[PDB]
Amino acid sequence: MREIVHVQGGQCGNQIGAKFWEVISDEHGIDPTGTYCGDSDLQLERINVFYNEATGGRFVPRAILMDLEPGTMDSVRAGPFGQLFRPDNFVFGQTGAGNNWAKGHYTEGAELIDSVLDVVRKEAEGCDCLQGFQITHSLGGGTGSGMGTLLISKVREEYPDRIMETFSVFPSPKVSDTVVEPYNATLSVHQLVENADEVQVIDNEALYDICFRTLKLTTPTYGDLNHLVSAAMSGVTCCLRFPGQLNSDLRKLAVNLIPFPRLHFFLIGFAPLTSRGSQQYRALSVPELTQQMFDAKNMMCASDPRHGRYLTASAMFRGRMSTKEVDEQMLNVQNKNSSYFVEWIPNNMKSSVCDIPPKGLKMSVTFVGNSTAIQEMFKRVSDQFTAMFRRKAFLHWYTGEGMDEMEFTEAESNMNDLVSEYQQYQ
Amino acid sequence: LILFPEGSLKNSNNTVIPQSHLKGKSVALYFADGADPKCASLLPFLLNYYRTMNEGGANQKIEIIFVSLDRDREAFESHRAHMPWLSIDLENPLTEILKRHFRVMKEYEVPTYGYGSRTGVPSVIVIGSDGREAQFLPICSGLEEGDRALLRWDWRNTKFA
Amino acid sequence: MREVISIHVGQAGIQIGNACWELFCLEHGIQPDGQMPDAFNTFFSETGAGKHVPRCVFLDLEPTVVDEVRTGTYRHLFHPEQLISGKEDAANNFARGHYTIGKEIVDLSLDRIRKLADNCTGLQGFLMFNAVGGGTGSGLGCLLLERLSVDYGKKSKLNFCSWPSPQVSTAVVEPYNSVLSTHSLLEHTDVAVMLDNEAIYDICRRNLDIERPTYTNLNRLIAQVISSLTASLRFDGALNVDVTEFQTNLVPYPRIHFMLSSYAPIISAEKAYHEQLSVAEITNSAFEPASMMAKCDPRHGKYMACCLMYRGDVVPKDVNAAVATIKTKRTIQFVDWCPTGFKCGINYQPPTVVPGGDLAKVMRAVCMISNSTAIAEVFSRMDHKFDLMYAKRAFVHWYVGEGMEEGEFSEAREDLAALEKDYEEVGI
Amino acid sequence: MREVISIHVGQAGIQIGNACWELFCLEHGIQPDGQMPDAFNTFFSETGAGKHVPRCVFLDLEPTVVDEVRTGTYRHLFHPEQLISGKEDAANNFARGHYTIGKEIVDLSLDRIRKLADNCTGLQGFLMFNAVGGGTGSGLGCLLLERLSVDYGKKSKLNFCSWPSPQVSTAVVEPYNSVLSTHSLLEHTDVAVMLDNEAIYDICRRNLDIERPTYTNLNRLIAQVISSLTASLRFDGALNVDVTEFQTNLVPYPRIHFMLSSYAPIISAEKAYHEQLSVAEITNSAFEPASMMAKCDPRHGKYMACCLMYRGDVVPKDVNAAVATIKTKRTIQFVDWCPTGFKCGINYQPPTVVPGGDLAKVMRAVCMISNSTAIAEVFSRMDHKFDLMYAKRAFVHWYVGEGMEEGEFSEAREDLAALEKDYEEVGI
Amino acid sequence: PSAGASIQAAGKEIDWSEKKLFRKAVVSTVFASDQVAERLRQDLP
Amino acid sequence: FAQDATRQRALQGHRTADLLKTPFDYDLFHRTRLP
Ligand SMILES: Nc1nc2c(ncn2[C@@H]2O[C@H](COP(=O)(O)OP(=O)(O)OP(=O)(O)O)[C@@H](O)[C@H]2O)c(=O)[nH]1
Ligand SMILES: Nc1nc2c(ncn2[C@@H]2O[C@H](COP(=O)(O)OP(=O)(O)OP(=O)(O)O)[C@@H](O)[C@H]2O)c(=O)[nH]1
Ligand SMILES: Nc1nc2c(ncn2[C@@H]2O[C@H](COP(=O)(O)OP(=O)(O)O)[C@@H](O)[C@H]2O)c(=O)[nH]1
Ligand SMILES: [Mg+2]
Ligand SMILES: [Mg+2]
């Protein structure tokens, strides 16, 4: 009844959810063959939320994977925990999306959306009803943000009242791969705002900063970054899979975070985070952990939180701890940061407790804070886009493939509107 | 395979060494003539190359086996005295085996056999373990980079392993 | 599934690809008889049991070099029917290579094109390897492209043109061939990679430090820079870039698709014993005017868009650090209509080398690919070269006697002039 | 992290720098190739599999001093094109080496400077090496200081210039070269110290009892001064002293940035037998005018600032006791505006000997550098020597022929007389 | 083509380990207390 | 392909799996209810 169907759009989604299904498999005690293990009855009593029974005692993930290139999804199949998914869940592309929001969305993507909505509706309707979806994608890539946003748009009119909860990788400011960034980022937010219920903002260079300073590593690969964000992405949905003192599902996180129906971009954090040389002399308690929450060195988005007046906040702790150590310290953040939490909303922050921790942790947390501090994120995407647009280049393909002037200006005026209510509610 | 016999290698101080002695050392064959004017202009540069790079060294790095193109015992020993490294005696069967093996002879071609090219004097052929040409140092070739091609020696990847 | 068809015209084209397909079969480990002692399918088709057939076609009008490949070392891997021999050379004439003697070869070559592309679905691109100065390289080189734009009008025709040096051109009617084929090459190609002879001559003198290159030593470097371009096609990497993506992030207007390349490191064995091949310095070593493939100084130019793809065990962290190093540099002055200018391609495959060639090995090879406004000068010296020879209609009686009437010399003047002014109006 | 790039121009800096890196390689335990069987990071870089390379460039305009090193024993130590050499010697000409022949090599000399500076962030600066006796060291050396200053602003430029000996200078056109080589050396180098050859000569007689040694025996003594100066930044110490400390503790005013040097003890295998070498007496042997290595006698001058670096089993209370007896020493007179005039530094290691050299195993040593008012006399006699050259225009046609006009010599006279007036007013 | 047996040039390995904030430093006599440590504490003759 | 163990574990993110774990005496579950 409380079902989450996973969608992994593009090369971003397939590999960012490859690590999520890895960290949720061994948390739920599942070997790479598919059958059950893991010596705890907590993880079997709620196992359907991410898995389906394959009539052999084997649990298969409820994941559908988007791509138009079979290269990187052949690699996840060869990799561990890649044979968990049934082969009918994948969809093959042959033309390949060229990191172009026009190419992914309109012209050849329509020949695969008929072939993948018919499998995601069979996965969804197999249960009595479902609590929502999670969708993982980027905004600088076209196979992730073309089929990613278009799958969001049609599931809105398919299922009109069940939530969509998307983890979005945003264009990093300083470094910039795949140089047509603003034609993808601006032209995907402008339909994410009215067709997605929750959007969580993840920056690449902020993941770079928090693993190089705070988590204190020299040069890991990209696969170490995916393990960082998928650990917090698992902790967000800990209540749907495990019991707690204070139950809070994803729609509980919805109502307590979004005040007005149009702004739904959230900050996502994880704690505790420390290095190998910094493990044994540190304290593990709710006092120091809530202080580790509230700084730019923990934030997975490269928007400085000190420049933004916090609208709402939330913290889902995991493990065995006392509630007063949660909420006197959670109040202690409010009265110490007097100017940092918006005044017309008293008690801006909410907490929730999962009784189980993640494996190898005792008290962990995820921080879903709807801070207003994303003026800086949205205004420099629009400053890059308005430098792209006053001149008419990297755009004659978009006109030749079937658009016109009015839909770029619609997205630019909509993204200018994204900035607009942020400071005037600040 | 065993490229050389037990009593073929021949160095300074007049003693024989076996084939396992070349283990882990960069091995090269010096097809050269005693009176040849190419060899007069090139031998001092091989002497300095052999000097500095293994004397300022942590292990033995280079062996050069002279294999001679000369005409006389007395002319062989006269060129021998000006040269310290390894060598092969002229009138063993070995000189004319590695001559046709590595294509290094001296326009005496038709009175012996009907093949084509000769790639004669001078040449250094750094070689691998199994008697294979490892890479060519171009003194007199299409590059014709004489007196300088010694810097093109690839000593890390050519070992007698 | 995945495939690309390589076309070679002219003597430059045949021997460039003579080093490219040598380096390709060296990568996959196949013996060059066609026998191996699933990733190779983009360059080779499987014909029977263990037999590999290349996806290449060899074209010229003069049979002294197609028959040299046929009788050469690669007689059996190169199946004897991919090569085509002509009757007589175009003889440094666009008019001969396109109008008179090209009609007897273009019919056979196109009958090969659609019977090599109908084998499997998912055709991806074409690698056209032509010499602009040569008569059959620009003549039959031109004639193949409009016919390829008629039948395969919705596909990519990527090109590799060896532009002449300002001083080294080795032909007298060479600037006549360059002006009169570029306009017809313009709206029939979609990606153009311009190299140079004297530029790579300067490279071989400076950092690979041979005093003594030749055309095959030119061909080692160009076969390496094409292979790094196709590295993410054949094999696996983190951020794979394909043929449909080189134009996605370099060509802003349909007119401006001419573009430079380079490579780093280009070193010898003694040149690798002593220095960092670090990510933070290879990008610096691939951006100087003493490193690109066209001897075109960009210090008075303005960088516009660039793919910087890697190959080897390399992490995108110090790649990201090297990107910010370039952006903070003041000498490499990027344009103001795009603050973003980079792509960082990346692939895990170690840089292959040819045993025998002087290009030593490394675990990181970097091809720099760059579109820039510096092309205005390399085509302007090409323009005043033509204007001095066209003062009293020199060498034009050969062309009008072949059937190419007087008058389509002349719009080639203002079409290249219209292209030259396009660089100024995009850089303002 | 900590980085310094030793740049050498002129052949004097070539085998001074050869003694520098043979002492650095021997001290750090690395091989003549470079494989040793963060500590080395300031001079060598980790480049290879357990293999290191120097962070230096050798810049001379003529081949016989560079290529003989490239064919010597240290041919796999250096990156082989860091040792850049010109085509023709400047031949005692500032005019040729600064205006007409310097540009043929300085475009590629700067080109290699910013490989080594880019390799790490955190340079303290550059170890400049030259002699102002000749034409490459004066001319090409001085041109290097304007371009290093305009490219790199706030980095230290710490110059070791081999100042000519006063009474003899093994040259005839010497007073022309140096008085305008120090023209732009005033405003472009930061921490410069005089090194007179004849002072190194007569300390070899008195201390080492050696009567016929060569230039390289001087270079052993110079290289020990190099090592002791920067071993506080190289290895750990009780009072470490960086390059930015040498600005701090030496120079009073930005114009008067010339100092002197001394290195005590300098004893042989006869004096190390019979003498005890405590700190309390080697400091007296370092401050004595006879051990001065510039032939600037401090007895008729006022000491302004003094720095000392100690290497060995030195205790800091012996530093305090030795400097206490120096303050009470009445002939060593310190200027009235600097009541406290000492920097001291501590390092743990003893100095490392070159085997077969003329030094002995000494536990503790002193490297002293002092800015003194008395050093105006080596420019006062140099002013007089230029006057009887320039009285009726000796050798003027050599320098006017390749770049300057008549008037740059008198314009060099103006700031050298301004130097003498600045030294006179501060010594009041 | 079988001339591929070769140790790879340009020898860097990409440092996967922890970066060296603290390199082994020789702590010796002057930064070594003793002496007054047993003079303030009289550990007996 | 550089298939060595340290590189393949680095691409597989095992380093973060090691150091997000807490390396002490951790699992504290006693049943305080008495009969
Ligand atoms: N980069 C490069 N250019 C080459 C090479 N070989 C020839 N060229 C160029 O090709 C131009 C002339 O064309 P050619 O290759 O000589 O002959 P072609 O292409 O068959 O055309 P024709 O002259 O009619 O025979 C010359 O200006 C050369 O610059 C090569 O190996 N590498
Ligand atoms: N301390 C020291 N001084 C040297 C050495 N070699 C030469 N000199 C001095 O350098 C002065 C002349 O400069 P040189 O280095 O010989 O010549 P240069 O400066 O390189 O100018 P060019 O000869 O034109 O290249 C002489 O007065 C020598 O006293 C040396 O090895 N050590
Ligand atoms: N998930 C993921 N993101 C990337 C990768 N490389 C770059 N990015 C970031 O995502 C954007 C590029 O989109 P990407 O996901 O790589 O392209 P896609 O394959 O079409 O989805 C850039 O702004 C980068 O900051 C990658 O390999 N995986
Ligand atoms: Mg031909
Ligand atoms: Mg000289």
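Our numbering is plain: 1 for the first residue shown, then up by one each step along the chain.
For all residues, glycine too, the Cβ spot is worked out from N, Cα and C.
For reference, Swiss-Prot has these:
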- C:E245: active site (ACT_SITE)
- C:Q11, C:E62, C:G135, C:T136, C:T170, C:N197, C:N219: GTP binding site (BINDING)
- C:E62: Mg(2+) binding site (BINDING)
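For C:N197 (GTP binding site), the same-chain residues lying six or more positions away in sequence with a CB closer than 8 A to its CB are C:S162, C:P164, C:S165, C:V168, C:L218. When the binding-site residues C:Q11, C:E62, C:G135, C:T170 are compared by Cα distance to the residue listed as 'active site', the shortest distance belongs to C:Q11. With a 10 A radius on its CB, C:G135 (GTP binding site) counts 28 other CB atoms from all the protein chains.
Taking the Cβ of C:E62 (GTP binding site) as reference, residues of its chain lying under 8 Å away and at least six apart in sequence are, in sequence order, C:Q11, C:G86, C:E88, C:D89, C:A90, C:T136. The most crowded of the binding-site residues listed here (C:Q11, C:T136, C:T170) is C:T136, judged by how many other CB atoms sit within 10 Å of its own CB. The 6 Å Cβ screen around ligand 1 retains C:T136, C:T170 from the recorded positions C:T136, C:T170, C:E245, ordered by sequence position. Filtering the binding-site residues C:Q11, C:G135, C:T136, C:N197, C:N219 for a Cβ under 8 angstroms from any Cβ of chain A leaves an empty list. Checking the recorded positions C:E62, C:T136, C:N197, C:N219, C:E245 for a CB within less than 6 Å of any atom of ligand 4 leaves C:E62, listed in sequence order.
Of all Cβ atoms in the protein chains displayed, 21 besides its own lie within 10 Å of the Cβ of C:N219 (GTP binding site).
Around the residue listed as 'active site', taking its Cβ as the centre, 22 other Cβ atoms fall within 10 Å, counting all chains. The GTP site in the record is lined by C:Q11, C:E62, C:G135, C:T136, C:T170, C:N197, C:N219, and its two most distant CA atoms lie 22 Å apart. A coil conformation is recorded for C:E62 (GTP binding site) in the three-state DSSP classification, outside any helix or strand.
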